[PDB]
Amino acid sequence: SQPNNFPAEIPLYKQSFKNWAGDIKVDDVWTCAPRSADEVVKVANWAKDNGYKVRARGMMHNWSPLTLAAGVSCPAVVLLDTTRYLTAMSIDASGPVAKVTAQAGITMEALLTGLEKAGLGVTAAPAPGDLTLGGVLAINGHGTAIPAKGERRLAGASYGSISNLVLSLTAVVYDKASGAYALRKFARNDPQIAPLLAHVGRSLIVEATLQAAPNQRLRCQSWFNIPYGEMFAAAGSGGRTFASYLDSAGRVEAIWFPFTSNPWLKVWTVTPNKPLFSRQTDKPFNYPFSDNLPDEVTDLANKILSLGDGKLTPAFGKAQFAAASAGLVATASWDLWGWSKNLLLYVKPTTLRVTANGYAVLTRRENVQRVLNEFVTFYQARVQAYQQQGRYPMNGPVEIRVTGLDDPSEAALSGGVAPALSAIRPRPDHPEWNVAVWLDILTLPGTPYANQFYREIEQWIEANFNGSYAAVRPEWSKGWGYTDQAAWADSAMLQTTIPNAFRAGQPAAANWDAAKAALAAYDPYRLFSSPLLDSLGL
């Protein structure tokens, strides 16, 4: 069924949709590539009269079904490929803090490269460069960074998600006076912007202005000689704990392969001059042996998933650790140095395709080690319980990152508001919770028992990280709300637990219900949604 009366000057065509993990694949989805923000608004106003949803089509990296659902032949949805034309950017350095305005289809690699050429950069960002700015803002995309002990924040920088850098944005919003959708610009100190800073797919952003700080030189050191029992030891310290590196450098990520002893630890340190033996790099993606999988790894993945040989999982984790550790040694990449974007961007899409769950655990900075040690202790014991039964649900690594919260005091204006729906929006009732520990576990899509295992982990995370100790919000882009059959399917999590995570500690005027109401007012025809967003009641 071809859509009727579609704007004549905007070419409409069928194009398949396939997310990065490969588990959402829809054929022949009606797609167009708007040349301008005005063309986006034309498509929205046609869609409301014709019963089609409207979603931005970025790089299709998201795991959760926020664009459209899997298994739906040729949906009543029109996708707007923002990557072709909505990519322009400009920089205004006429104030005490530089500002970059960019159309929402630009990639993070292009954005950060444009900033570098102007002497500017950001504290943290997602590891891939092949993501649109609009996709990253929609789900509070983030990297890893908190301040090292003694570090002062640079004006125009933040330790939160990319959503926290927004100073202004232009969204497609219903204008009640004219009865039509139109472009509307919002300032970061306008409370009405709050649901749009990270709208989870409930809006369409055509352009945003972000703060940018003077660019930093970073060193990025990798270590594979620290046993997980030491790295993730109980608070009570001693040794090379993950928290000791947060204090010395502030920017830390651990990737811990299954059934292996030593995680791949990456530590980024702000380092003005290149250390004597560090290798300078002037490009991003410096771990080619991680981006280009060796045959040993791809062969084991295929045996495990396609041939059902799950007992090869421990060997598979060892192969993955070998690829990372011996690969870093072969490419002389364990101690790198250069402008920030070259070290912040480090994952290409040719890496191992995996699904992942994800959670942000808000807590006091001093509690990070406890959080990590608690999660690692529970995970190891569950993995063992499953291995006892001959099951290997998790065949990818555990990944740990830590960031600040989306605290508007870090935005370079007075009265900035927190994103209403960011997973790391602050908790007014707990001013002492000032970090978020991000926890994820990766596994090949479709691995037997994965959902059942992810459900056990999710139930324990919600039970454990509670009270005045910590709180939990799901990482929107990843898996959550698990039943034994699927992710994003548990009724209690969708109807009660997640919405409550956005009411706890918040004023009624700025909580889950207020955000939902504002997004509905901005989109009365409900153009901007997918079955998951409907099931969440957002």
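Numbers for residues come from their place in the sequence shown, where the first is 1.
Participant: Per the record, averaged over C-alpha atoms, which has the higher B-factor: 73-81 or 244-252?
Facilitator: According to the PDB entry, the answer is 73-81.
Participant: Averaging only over Cα atoms, indicate whether 499-507 or 471-479 has the higher B-factor in the PDB entry.
Facilitator: 499-507 has the higher mean C-alpha B-factor.
Participant: Just to confirm, going by the entry's C-alpha B-factors, which of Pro408, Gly238, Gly156, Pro275 comes out highest?
Facilitator: Across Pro408, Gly238, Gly156, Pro275, the entry lists the biggest C-alpha B-factor for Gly238.
Participant: Per the PDB entry, which option out of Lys311, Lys341, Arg455, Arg219 has the greatest Cα B factor?
Facilitator: Within the set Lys311, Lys341, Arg455, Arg219, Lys311 shows the top C-alpha B-factor.
Participant: By its CA B factor, does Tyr525 count among the lowest, middle or highest third of the modelled residues in the chain?
Facilitator: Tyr525: CA B-factor falls in the lowest third of its chain.
Participant: Taking the chain's C-alpha temperature factors as the reference, tell me which third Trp30 falls into: lowest, middle or highest.
Facilitator: It falls in the top third of the chain.
Participant: Please rank the C-alpha B-factors of the chain's modelled residues and tell me whether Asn50 sits in the lowest, middle or highest third.
Facilitator: Middle third, going by the recorded CA B-factors of the chain.
Participant: What third of the chain does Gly134 rank in for C-alpha temperature factor, lowest, middle or highest?
Facilitator: Ranked within chain, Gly134 CA B lands in the lowest tercile.
Participant: Looking at the temperature factor on the CA atom of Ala487, which third of the chain's modelled residues does it land in?
Facilitator: Top third by C-alpha B-factor.
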